[PDB]
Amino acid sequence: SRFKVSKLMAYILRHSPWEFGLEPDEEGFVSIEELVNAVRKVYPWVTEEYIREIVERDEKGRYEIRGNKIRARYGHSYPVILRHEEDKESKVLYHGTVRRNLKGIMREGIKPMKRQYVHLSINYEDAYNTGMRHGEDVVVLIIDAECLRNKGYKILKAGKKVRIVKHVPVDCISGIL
């Protein structure tokens, strides 16, 4: 299924390319032909056309293809440089997290923790669902993106809904949901 193959694509492109003999470039790109070869080690019926269809149909915009190169746009667990188009349109964004982080966030802002980018979403439901990944005490922070930009932070379009930024200062958090 698309769900099973996309799950393997995401694992290879974000977390363990070397396991499949792929070496991502500094921006996380690998040869799409080599990704087909890697994926067919699990799912031999997969084709390059299929992988391209998965990219086109992915509801989050998880994947990006440029020429012969394919990458995950966000979510890597290894170091990657992500030079995505700037989001200049959003005025409000959302950050889903858990209540236990509020004390630290309220003093320090939203900080990069292991990855070098803070993850935001244009969609409140998406942020809520993403916060649920860290537990049941979910809170969603409303972020004044215009304020973020005015402070000189560039917000990049990493998916259809995901947005990335270096840091969210406390005074850009307008509310807690």
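We number the residues from 1 along the sequence you see. Take the two forms, find the largest set of C-alpha atoms that superpose within 1.5 Å, and that set is the rigid core.
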| query | finding |
| --- | --- |
| Stretch farther from the shown model on average in 4 other deposited structures of this protein, with CA RMS computed after core superposition (114-122, 141-149) | 114-122 |
| Stretch departing more from the displayed form, 105-113 or 43-51, Cα RMS in 4 other deposited structures of this protein (core fit) | 105-113 |
| Mean Cα B-factor comparison, 54-62 or 147-155, giving the higher one as deposited | 147-155 |
| Stretch with the greater mean C-alpha B-factor as recorded in the entry, comparing 103-111 against 90-98 | 103-111 |
| Largest Cα B-factor, entry values, listed residues 70, 122, 118, 42 | 42 |
| Ranked against its chain, the third holding the CA B-factor of residue 131 | middle |
| Residue 172 by Cα B-factor - lowest, middle or highest third of the modelled chain | highest |
| Residue 34 by Cα B-factor - lowest, middle or highest third of the modelled chain | middle |
| Third of chain Cα B-factors occupied by residue 163 | middle |
